[PDB]
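Q: Quick one: this structure, given as structure tokens, is what I'll be asking you about.
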Amino acid sequence: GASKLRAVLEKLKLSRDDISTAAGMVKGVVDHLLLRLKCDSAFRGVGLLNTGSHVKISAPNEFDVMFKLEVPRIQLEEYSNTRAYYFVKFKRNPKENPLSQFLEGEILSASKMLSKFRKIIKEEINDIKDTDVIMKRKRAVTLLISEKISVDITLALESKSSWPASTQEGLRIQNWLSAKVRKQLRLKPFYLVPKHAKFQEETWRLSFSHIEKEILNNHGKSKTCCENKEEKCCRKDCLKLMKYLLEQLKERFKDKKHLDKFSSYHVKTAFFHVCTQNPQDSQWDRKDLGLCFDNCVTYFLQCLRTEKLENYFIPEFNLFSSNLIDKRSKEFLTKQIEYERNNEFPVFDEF
Amino acid sequence: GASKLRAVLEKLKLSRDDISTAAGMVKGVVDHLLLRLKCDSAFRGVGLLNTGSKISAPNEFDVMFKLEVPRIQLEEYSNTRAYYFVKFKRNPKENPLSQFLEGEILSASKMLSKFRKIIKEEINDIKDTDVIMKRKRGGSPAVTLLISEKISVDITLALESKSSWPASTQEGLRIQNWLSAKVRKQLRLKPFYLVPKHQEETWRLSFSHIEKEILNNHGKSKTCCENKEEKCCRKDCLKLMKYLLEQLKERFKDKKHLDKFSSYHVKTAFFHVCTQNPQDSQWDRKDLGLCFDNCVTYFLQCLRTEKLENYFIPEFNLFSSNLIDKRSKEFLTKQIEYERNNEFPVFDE
Ligand SMILES: Oc1cc(-c2ccccc2)nc2nnnn12
Ligand SMILES: Oc1cc(-c2ccccc2)nc2nnnn12
Ligand SMILES: Oc1cc(-c2ccccc2)nc2nnnn12
Ligand SMILES: [Zn+2]
Ligand SMILES: [Zn+2]
């Protein structure tokens, strides 16, 4: 039964037009912040990474923006055999490095880097008069435009180097998107977002947000997938429904605090794993949406039970490790998803 | 019947290993010429566009030398949708090619002369191999070298423009139902080249790079020719069409009719057949004989009707009566039809 699923997708599609006006407010504020950030020597080569402007299917008043900063000849040192967290050290000596001010030894400080970023942003939001902009407290930088629109702003270092060795056996798209696409994609840059690891406040985590967008917007085995009536698939619709399932349950149990650790990234990672399992476009037929979404729900639940959700790019990194998410939280999310699946998804009818 | 076709392809595949040694000699000479060419102010940003990787000629290599030109303005010559005059848009800073300006227009002749002059000067200086420069024949194959008395290298100069493709290409590259519209959008965002081809002041459009991309990523499916269940015969049909023309051109070299026909005509016609048959199922390995017969058949229709449109410039007809006379197309038709009727005797060896 896909009827109620297709009904949800149409209701979600009705929020599309309002996202245009809201994006206009965000484009204004972000263009301003990038003009003022480019004035500082450190953040001179700062730019917009070119994806979002949504990241929450039930949130037109929520936008995510990424600010790329190209870093020239960098050396990475993997922190404590975590295949995702690294220390950013510099390789060349000439000429003087613009980020020298944030070096806490030979290692670039994430904390000192993000503090200056937060400081310049706090300073420039008071000077912008077009709209009312407030900066939200530490929980990278979240703004609130005209008391409605929230903007999550991330700083990401860009490296045009070859991807770290931890990614060598990841991105298993060879039997789905082809090995020739995998070769082309790995030649693209990689990003590092400042994220500390279990209290190491000097580490950076790998980011492949750009590759995830490429793979989602060119998602079929066939190059003409979703370009004609005979080749329409339900891949994107399954992801939208999985994302919405978690958002609705997270909203339902916001006062409980269990589901706070789960994100749309867990849903998206699990979705790419199901795409690797079902490489044929015939396995994603529009008529089979109900059955396709049930495999996605089912795979996601297996990851929760087995406490195993590997990062799509870093196979050895487990997003569902007991050290990251406690078993009782995964058991609560399992309980809730199973109830929903057993009662024809009541949480879809805004519950 | 594909047996004799598959046999020819295996014999052509046996020339592959010798092409490695020969390419080594060419990589040496070309890397030298590019190092010396980069010394001149005009040809500073010169680079190789990478063709050094005729199906019956391992002692014959073609190389393209790209040169990026910044803010160029094109003026279409006499409603030819392929020939253009190269002008420059901005004023600051001074243009490195100012020496070749024959008015506000960049001279092809003055540009190619300096190119031929630096190349003639550097072939005498380079050691460890005997290199001779062959005399003028055509404007498109611009400078021809002869390494160690065996290897011929055709060196072409091409201007690179990162601008949007001219309006004459707007309705070309009909790969939307085969390679997808999203690929067509990605491909058109790439640069375009202009090779000096004459009116001895014009430049012709070149999309050699797009032809290579389309040939090396040729299926509807992204995994086409990456597994036993997805092996196609597209490349093999092109290799056989190219070899059919080369063998007939050799046979009638003393007659002079087929001199105007090139592998580009065969390749253009092949891309038109790919547009007609967008499905990988239409190019099954088992159906090679039937696939090659459609290619032969389409090519013959173009010869009879005197109509072979450029794959990128629809309004440009490569088989125009003004380019190739009717009696020459009729001779090539006669010969191809005889070959097809007698199980291709020109193939066997
Ligand atoms: O782009 C990303 C990346 C990651 C991430 C987590 C663990 C290891 C590696 C990468 N998590 C994320 N959560 N939201 N976005 N997002
Ligand atoms: O790349 C090309 C392009 C052309 C060509 C001919 C007529 C109009 C436009 C372009 N002809 C060619 N012959 N060999 N290569 N090659
Ligand atoms: O080599 C040939 C060629 C032809 C032939 C016929 C019509 C037009 C052109 C060529 N016919 C032939 N009959 N025997 N040999 N043979
Ligand atoms: Zn699709
Ligand atoms: Zn193929």
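Each chain in the structure tokens gets a letter, A, B and so on, in the order shown; residues start at 1 in every chain, and ligands are counted from 1 in the order they appear.
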Go through the chains and note each residue within 9 Å of ligand 1, using only C-alpha atoms and all ligand atoms, then give the set as an mmCIF file with N, CA, C and O atoms, in the first residue's frame.
A:
data_model
loop_
_atom_site.group_PDB
_atom_site.id
_atom_site.type_symbol
_atom_site.label_atom_id
_atom_site.label_comp_id
_atom_site.auth_asym_id
_atom_site.auth_seq_id
_atom_site.Cartn_x
_atom_site.Cartn_y
_atom_site.Cartn_z
ATOM 1 N N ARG A 83 38.670 6.241 12.380
ATOM 2 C CA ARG A 83 38.985 6.363 10.974
ATOM 3 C C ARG A 83 38.376 7.612 10.330
ATOM 4 O O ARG A 83 38.448 7.764 9.111
ATOM 5 N N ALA A 84 37.750 8.476 11.145
ATOM 6 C CA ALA A 84 37.030 9.670 10.707
ATOM 7 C C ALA A 84 37.549 10.956 11.271
ATOM 8 O O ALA A 84 37.252 12.005 10.699
ATOM 9 N N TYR A 85 38.259 10.901 12.416
ATOM 10 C CA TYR A 85 38.776 12.075 13.106
ATOM 11 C C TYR A 85 40.249 12.186 12.859
ATOM 12 O O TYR A 85 40.963 11.181 12.861
ATOM 13 N N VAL A 193 35.229 19.109 8.766
ATOM 14 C CA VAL A 193 34.409 19.961 9.611
ATOM 15 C C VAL A 193 34.944 19.781 11.042
ATOM 16 O O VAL A 193 35.342 18.664 11.408
ATOM 17 N N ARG A 205 36.557 16.175 11.504
ATOM 18 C CA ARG A 205 35.922 15.008 10.921
ATOM 19 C C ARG A 205 35.773 15.162 9.415
ATOM 20 O O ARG A 205 35.525 16.260 8.927
ATOM 21 N N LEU A 206 35.887 14.054 8.691
ATOM 22 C CA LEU A 206 35.733 14.049 7.248
ATOM 23 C C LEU A 206 34.297 14.322 6.844
ATOM 24 O O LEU A 206 33.378 13.867 7.529
ATOM 25 N N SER A 207 34.106 15.056 5.727
ATOM 26 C CA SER A 207 32.783 15.356 5.180
ATOM 27 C C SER A 207 32.769 15.134 3.664
ATOM 28 O O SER A 207 33.711 15.523 2.977
ATOM 29 N N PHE A 208 31.717 14.447 3.165
ATOM 30 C CA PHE A 208 31.495 14.152 1.737
ATOM 31 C C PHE A 208 30.063 14.520 1.339
ATOM 32 O O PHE A 208 29.423 13.823 0.554
ATOM 33 N N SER A 209 29.579 15.642 1.889
ATOM 34 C CA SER A 209 28.265 16.221 1.645
ATOM 35 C C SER A 209 28.023 16.456 0.157
ATOM 36 O O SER A 209 26.913 16.261 -0.326
ATOM 37 N N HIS A 210 29.060 16.923 -0.546
ATOM 38 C CA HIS A 210 29.020 17.194 -1.987
ATOM 39 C C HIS A 210 28.815 15.911 -2.837
ATOM 40 O O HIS A 210 28.124 15.957 -3.867
ATOM 41 N N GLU A 212 27.395 13.095 -1.653
ATOM 42 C CA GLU A 212 26.051 12.634 -1.289
ATOM 43 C C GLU A 212 24.981 13.329 -2.143
ATOM 44 O O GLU A 212 23.998 12.703 -2.529
ATOM 45 N N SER A 263 19.830 11.458 13.788
ATOM 46 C CA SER A 263 19.758 12.532 12.809
ATOM 47 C C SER A 263 19.398 12.001 11.448
ATOM 48 O O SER A 263 19.498 10.798 11.193
ATOM 49 N N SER A 264 19.077 12.929 10.539
ATOM 50 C CA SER A 264 18.756 12.599 9.167
ATOM 51 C C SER A 264 19.980 11.949 8.492
ATOM 52 O O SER A 264 19.804 11.218 7.516
ATOM 53 N N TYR A 265 21.205 12.183 9.013
ATOM 54 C CA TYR A 265 22.405 11.533 8.475
ATOM 55 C C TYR A 265 22.375 10.018 8.654
ATOM 56 O O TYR A 265 22.846 9.298 7.775
ATOM 57 N N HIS A 266 21.813 9.538 9.767
ATOM 58 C CA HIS A 266 21.698 8.107 10.025
ATOM 59 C C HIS A 266 20.760 7.470 9.005
ATOM 60 O O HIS A 266 21.059 6.417 8.449
ATOM 61 N N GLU A 310 27.375 1.459 9.377
ATOM 62 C CA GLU A 310 28.667 1.992 8.942
ATOM 63 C C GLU A 310 28.534 3.218 8.069
ATOM 64 O O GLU A 310 27.649 3.295 7.229
ATOM 65 N N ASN A 311 29.454 4.150 8.235
ATOM 66 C CA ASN A 311 29.547 5.347 7.397
ATOM 67 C C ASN A 311 29.747 4.876 5.944
ATOM 68 O O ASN A 311 30.568 3.990 5.687
ATOM 69 N N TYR A 312 28.973 5.432 5.012
ATOM 70 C CA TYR A 312 29.011 5.013 3.601
ATOM 71 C C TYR A 312 30.382 5.190 2.912
ATOM 72 O O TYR A 312 30.686 4.461 1.960
ATOM 73 N N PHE A 313 31.182 6.160 3.390
ATOM 74 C CA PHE A 313 32.501 6.494 2.866
ATOM 75 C C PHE A 313 33.623 5.911 3.705
ATOM 76 O O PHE A 313 34.668 5.645 3.148
ATOM 77 N N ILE A 314 33.428 5.739 5.033
ATOM 78 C CA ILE A 314 34.417 5.190 5.979
ATOM 79 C C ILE A 314 33.822 3.897 6.585
ATOM 80 O O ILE A 314 33.126 3.938 7.608
ATOM 81 N N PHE A 317 34.041 3.157 10.397
ATOM 82 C CA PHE A 317 33.366 4.060 11.334
ATOM 83 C C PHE A 317 31.898 3.647 11.496
ATOM 84 O O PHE A 317 31.152 3.694 10.534
ATOM 85 N N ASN A 318 31.487 3.286 12.715
ATOM 86 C CA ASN A 318 30.127 2.866 13.040
ATOM 87 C C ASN A 318 29.371 3.988 13.721
ATOM 88 O O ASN A 318 29.578 4.241 14.901
ATOM 89 N N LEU A 319 28.390 4.548 13.023
ATOM 90 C CA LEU A 319 27.565 5.645 13.530
ATOM 91 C C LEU A 319 26.664 5.221 14.692
ATOM 92 O O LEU A 319 26.235 6.078 15.458
#
Q: What are the residues of chain A lining chain B at 12 Å or less? Count only C-alpha atoms, and put the answer as a ChimeraX atom specification.
A: /A:173-182,214,217-228,231,279-281
Q: Those residues you just picked out, can you put them in a file as an mmCIF file, in the first residue's frame with N, CA and C atoms?
A:
data_model
loop_
_atom_site.group_PDB
_atom_site.id
_atom_site.type_symbol
_atom_site.label_atom_id
_atom_site.label_comp_id
_atom_site.auth_asym_id
_atom_site.auth_seq_id
_atom_site.Cartn_x
_atom_site.Cartn_y
_atom_site.Cartn_z
ATOM 1 N N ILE A 173 29.630 1.884 -4.890
ATOM 2 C CA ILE A 173 28.690 2.227 -5.959
ATOM 3 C C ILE A 173 29.048 1.563 -7.303
ATOM 4 N N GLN A 174 30.049 0.666 -7.343
ATOM 5 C CA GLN A 174 30.545 0.060 -8.581
ATOM 6 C C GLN A 174 29.493 -0.770 -9.326
ATOM 7 N N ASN A 175 28.687 -1.554 -8.604
ATOM 8 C CA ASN A 175 27.647 -2.366 -9.239
ATOM 9 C C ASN A 175 26.333 -1.598 -9.437
ATOM 10 N N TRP A 176 26.222 -0.349 -8.920
ATOM 11 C CA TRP A 176 25.030 0.498 -9.017
ATOM 12 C C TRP A 176 25.278 1.692 -9.956
ATOM 13 N N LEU A 177 26.169 2.604 -9.573
ATOM 14 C CA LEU A 177 26.484 3.797 -10.356
ATOM 15 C C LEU A 177 27.685 3.640 -11.299
ATOM 16 N N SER A 178 28.419 2.489 -11.234
ATOM 17 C CA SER A 178 29.601 2.128 -12.029
ATOM 18 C C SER A 178 30.902 2.491 -11.360
ATOM 19 N N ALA A 179 31.960 1.769 -11.732
ATOM 20 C CA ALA A 179 33.293 2.013 -11.187
ATOM 21 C C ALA A 179 33.879 3.261 -11.813
ATOM 22 N N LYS A 180 33.466 3.567 -13.064
ATOM 23 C CA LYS A 180 33.989 4.737 -13.745
ATOM 24 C C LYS A 180 33.475 6.021 -13.061
ATOM 25 N N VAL A 181 32.245 6.021 -12.509
ATOM 26 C CA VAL A 181 31.693 7.137 -11.705
ATOM 27 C C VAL A 181 32.452 7.226 -10.375
ATOM 28 N N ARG A 182 32.687 6.077 -9.706
ATOM 29 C CA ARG A 182 33.424 6.037 -8.429
ATOM 30 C C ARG A 182 34.812 6.643 -8.580
ATOM 31 N N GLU A 214 25.631 14.703 -5.220
ATOM 32 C CA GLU A 214 25.839 14.199 -6.571
ATOM 33 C C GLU A 214 25.163 12.877 -6.781
ATOM 34 N N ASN A 217 21.244 13.285 -6.772
ATOM 35 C CA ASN A 217 20.686 13.970 -7.952
ATOM 36 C C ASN A 217 21.005 13.253 -9.278
ATOM 37 N N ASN A 218 21.837 12.185 -9.233
ATOM 38 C CA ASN A 218 22.160 11.340 -10.381
ATOM 39 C C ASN A 218 22.273 9.967 -9.754
ATOM 40 N N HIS A 219 21.111 9.365 -9.479
ATOM 41 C CA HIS A 219 20.940 8.168 -8.648
ATOM 42 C C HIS A 219 20.627 6.857 -9.312
ATOM 43 N N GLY A 220 20.445 6.817 -10.617
ATOM 44 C CA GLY A 220 20.079 5.559 -11.268
ATOM 45 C C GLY A 220 21.232 4.825 -11.899
ATOM 46 N N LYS A 221 21.009 3.552 -12.247
ATOM 47 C CA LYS A 221 21.966 2.750 -13.018
ATOM 48 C C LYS A 221 21.931 3.304 -14.455
ATOM 49 N N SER A 222 20.719 3.534 -14.958
ATOM 50 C CA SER A 222 20.467 4.143 -16.250
ATOM 51 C C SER A 222 20.715 5.614 -16.114
ATOM 52 N N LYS A 223 21.329 6.229 -17.119
ATOM 53 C CA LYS A 223 21.593 7.661 -17.130
ATOM 54 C C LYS A 223 20.278 8.480 -17.270
ATOM 55 N N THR A 224 19.231 7.891 -17.901
ATOM 56 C CA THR A 224 17.930 8.540 -18.108
ATOM 57 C C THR A 224 16.909 8.145 -17.013
ATOM 58 N N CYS A 225 17.392 7.695 -15.830
ATOM 59 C CA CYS A 225 16.496 7.354 -14.723
ATOM 60 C C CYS A 225 15.797 8.626 -14.280
ATOM 61 N N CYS A 226 14.457 8.596 -14.222
ATOM 62 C CA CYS A 226 13.584 9.703 -13.819
ATOM 63 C C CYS A 226 13.582 10.861 -14.825
ATOM 64 N N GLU A 227 13.786 10.544 -16.107
ATOM 65 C CA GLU A 227 13.721 11.525 -17.189
ATOM 66 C C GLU A 227 12.544 11.187 -18.141
ATOM 67 N N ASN A 228 11.834 10.047 -17.910
ATOM 68 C CA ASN A 228 10.688 9.610 -18.713
ATOM 69 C C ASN A 228 9.712 8.715 -17.918
ATOM 70 N N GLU A 231 10.791 5.221 -17.069
ATOM 71 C CA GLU A 231 11.959 5.148 -16.188
ATOM 72 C C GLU A 231 11.821 5.922 -14.891
ATOM 73 N N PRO A 279 20.914 -2.520 -6.614
ATOM 74 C CA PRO A 279 21.536 -1.660 -7.649
ATOM 75 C C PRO A 279 20.708 -1.380 -8.895
ATOM 76 N N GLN A 280 19.686 -2.206 -9.159
ATOM 77 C CA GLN A 280 18.848 -2.076 -10.335
ATOM 78 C C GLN A 280 17.719 -1.083 -10.163
ATOM 79 N N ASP A 281 17.470 -0.259 -11.175
ATOM 80 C CA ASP A 281 16.369 0.709 -11.188
ATOM 81 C C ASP A 281 14.999 -0.008 -11.100
#
Q: Can you list, as a PyMOL selection string, every protein, DNA or RNA residue that comes within 10 Å of range 316-331 of chain B when you count only C-alpha atoms, leaving out same-chain residues fewer than 3 positions away?
A: chain B and resi 80-83+168-169+256-261+264-265+268+300+302-313+334-337
Q: Residues as selected, C-alpha atoms, written as a PDB file, in the first residue's frame, can you do that?
A:
ATOM      1  CA  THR B  80      28.807  28.826 -42.530  1.00  0.00           C
ATOM      2  CA  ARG B  81      27.691  27.569 -39.186  1.00  0.00           C
ATOM      3  CA  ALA B  82      31.178  26.089 -38.458  1.00  0.00           C
ATOM      4  CA  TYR B  83      33.721  28.750 -39.577  1.00  0.00           C
ATOM      5  CA  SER B 168      24.951  26.885 -34.249  1.00  0.00           C
ATOM      6  CA  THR B 169      25.442  24.045 -31.702  1.00  0.00           C
ATOM      7  CA  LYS B 256      41.793   9.809 -56.307  1.00  0.00           C
ATOM      8  CA  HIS B 257      37.923   9.686 -55.705  1.00  0.00           C
ATOM      9  CA  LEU B 258      37.939   8.540 -52.074  1.00  0.00           C
ATOM     10  CA  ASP B 259      40.634  11.125 -51.043  1.00  0.00           C
ATOM     11  CA  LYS B 260      37.920  13.527 -49.766  1.00  0.00           C
ATOM     12  CA  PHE B 261      36.412  10.868 -47.346  1.00  0.00           C
ATOM     13  CA  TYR B 264      35.359  11.853 -39.354  1.00  0.00           C
ATOM     14  CA  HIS B 265      32.541  11.112 -41.848  1.00  0.00           C
ATOM     15  CA  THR B 268      29.744  11.401 -37.434  1.00  0.00           C
ATOM     16  CA  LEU B 300      25.111   4.668 -47.649  1.00  0.00           C
ATOM     17  CA  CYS B 302      24.002   9.754 -46.364  1.00  0.00           C
ATOM     18  CA  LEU B 303      26.105   9.178 -49.531  1.00  0.00           C
ATOM     19  CA  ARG B 304      22.953   8.749 -51.764  1.00  0.00           C
ATOM     20  CA  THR B 305      21.015  11.640 -50.274  1.00  0.00           C
ATOM     21  CA  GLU B 306      24.202  13.860 -50.103  1.00  0.00           C
ATOM     22  CA  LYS B 307      23.325  14.591 -46.448  1.00  0.00           C
ATOM     23  CA  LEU B 308      25.629  13.942 -43.440  1.00  0.00           C
ATOM     24  CA  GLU B 309      25.071  16.597 -40.767  1.00  0.00           C
ATOM     25  CA  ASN B 310      27.775  17.481 -38.252  1.00  0.00           C
ATOM     26  CA  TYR B 311      26.754  15.883 -34.901  1.00  0.00           C
ATOM     27  CA  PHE B 312      27.293  19.214 -33.020  1.00  0.00           C
ATOM     28  CA  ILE B 313      26.343  21.708 -35.832  1.00  0.00           C
ATOM     29  CA  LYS B 334      29.240   1.266 -55.574  1.00  0.00           C
ATOM     30  CA  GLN B 335      32.248  -0.116 -53.630  1.00  0.00           C
ATOM     31  CA  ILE B 336      30.563  -0.396 -50.177  1.00  0.00           C
ATOM     32  CA  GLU B 337      27.514  -2.131 -51.742  1.00  0.00           C
TER      33      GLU B 337
END
Q: Determine, counting only C-alpha atoms, which protein, DNA and RNA residues have an atom within 9 Å of an atom of range 230-240 of chain B; residues of the same chain fewer than 4 positions away are not included. Present the result as JSON, numbers by chain.
A: {"B": [5, 6, 8, 9, 12, 55, 215, 216, 218, 219, 221, 223, 224, 225, 226, 244, 245, 266, 267, 270, 274, 280, 281, 282, 283, 284, 285, 286, 287, 288, 289, 291, 292, 295]}
Q: Could you list, as a PDB file with C-alpha atoms, in the first residue's frame, every residue within 10 Å of range 132-148 of chain A, counting only C-alpha atoms and ignoring same-chain residues fewer than 2 positions away?
A:
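As written to disk, part18.pdb reads:
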ATOM      1  CA  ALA A  22      12.527  32.026   3.167  1.00  0.00           C
ATOM      2  CA  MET A  25      16.044  36.086   3.492  1.00  0.00           C
ATOM      3  CA  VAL A  26      18.891  33.562   4.056  1.00  0.00           C
ATOM      4  CA  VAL A  29      22.201  37.387   5.367  1.00  0.00           C
ATOM      5  CA  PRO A  60      10.844  25.430   5.601  1.00  0.00           C
ATOM      6  CA  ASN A  61      11.932  27.746   8.503  1.00  0.00           C
ATOM      7  CA  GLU A  62      15.215  25.718   8.847  1.00  0.00           C
ATOM      8  CA  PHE A  63      18.192  26.038   6.431  1.00  0.00           C
ATOM      9  CA  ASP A  64      21.727  24.558   6.567  1.00  0.00           C
ATOM     10  CA  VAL A  65      24.701  26.367   4.904  1.00  0.00           C
ATOM     11  CA  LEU A 114      35.663  28.118  15.340  1.00  0.00           C
ATOM     12  CA  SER A 115      35.876  30.827  18.081  1.00  0.00           C
ATOM     13  CA  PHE A 117      34.481  32.281  13.123  1.00  0.00           C
ATOM     14  CA  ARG A 118      31.741  32.651  15.821  1.00  0.00           C
ATOM     15  CA  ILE A 121      29.714  36.251  12.828  1.00  0.00           C
ATOM     16  CA  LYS A 122      28.460  37.651  16.216  1.00  0.00           C
ATOM     17  CA  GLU A 124      28.515  41.218  11.816  1.00  0.00           C
ATOM     18  CA  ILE A 125      24.927  40.117  12.745  1.00  0.00           C
ATOM     19  CA  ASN A 126      24.438  43.341  14.815  1.00  0.00           C
ATOM     20  CA  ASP A 127      25.653  45.529  11.857  1.00  0.00           C
ATOM     21  CA  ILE A 128      23.095  43.947   9.357  1.00  0.00           C
ATOM     22  CA  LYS A 129      19.875  46.107   9.387  1.00  0.00           C
ATOM     23  CA  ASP A 130      17.783  44.671   6.441  1.00  0.00           C
ATOM     24  CA  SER A 150      16.942  29.245  11.602  1.00  0.00           C
ATOM     25  CA  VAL A 151      20.295  29.002   9.726  1.00  0.00           C
ATOM     26  CA  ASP A 152      22.822  26.334  10.756  1.00  0.00           C
ATOM     27  CA  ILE A 153      26.257  27.583   9.487  1.00  0.00           C
ATOM     28  CA  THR A 154      29.172  25.097   9.311  1.00  0.00           C
ATOM     29  CA  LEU A 155      32.835  25.886   8.540  1.00  0.00           C
ATOM     30  CA  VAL A 193      34.409  19.961   9.611  1.00  0.00           C
ATOM     31  CA  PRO A 194      35.540  20.698  13.215  1.00  0.00           C
ATOM     32  CA  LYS A 195      34.062  17.967  15.392  1.00  0.00           C
TER      33      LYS A 195
END
Q: What is the CA of residue 19 in chain B to CA of residue 59 in chain B distance in Å?
A: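 CA of residue 59 in chain B lies at a distance of 7.7 Å from CA of residue 19 in chain B.
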Q: Please list as an MDAnalysis selection string every residue within 10 Å of range 328-336 of chain A, counting only C-alpha atoms and excluding residues in the same chain fewer than 2 positions away.
A: chainID A and resid 246 249:250 257:262 300:307 320 322 325:326 338:342 347
Q: What's the separation between CA of residue 153 in chain B and CA of residue 28 in chain B, in Å to one decimal place?
A: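 Rounded to one decimal, the two atoms are 12.0 Å apart.
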Q: What is the distance, in Å and to one decimal place, between CA of residue 316 in chain A and CA of residue 235 in chain A?
A: 25.6 Å
Q: May I have all residues of range 200-321 of chain B that DSSP, computed from the backbone, assigns to helix (DSSP H, G or I), given as JSON, numbers by chain?
A: {"B": [208, 209, 210, 211, 212, 213, 214, 215, 216, 228, 229, 230, 234, 235, 236, 237, 238, 239, 240, 241, 242, 243, 244, 245, 246, 247, 248, 249, 250, 251, 258, 259, 260, 263, 264, 265, 266, 267, 268, 269, 270, 271, 272, 273, 274, 275, 276, 280, 281, 282, 283, 285, 286, 287, 288, 289, 290, 291, 292, 293, 294, 295, 296, 297, 298, 299, 300, 301, 302, 303, 304, 305]}
Q: Skipping near chain neighbours, those fewer than 6 positions away, what residues fall within 10 Å of residue 158 in chain B using only C-alpha atoms, listed as a list in words?
A: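 In the requested form, the answer reads residues 46, 47, 48, 49, 64, 65, 66, 67, 68, 69, 140, 192, 193, 194, 195, 196, 203, 204, 205 and 206 of chain B.
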Q: Which is closer to ligand 5 than all the others in B:214, B:243, B:105, B:299, using only C-alpha atoms and all ligand atoms?
A: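 When distances to ligand 5 are compared using only C-alpha atoms and all ligand atoms, the smallest one comes from B:214.
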Q: Would you please work out which residue, of A:270, A:197, A:161, A:24, is nearest to residue 131 in chain A when using only C-alpha atoms?
A: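 Counting only C-alpha atoms, the residue closest to residue 131 in chain A is A:24.
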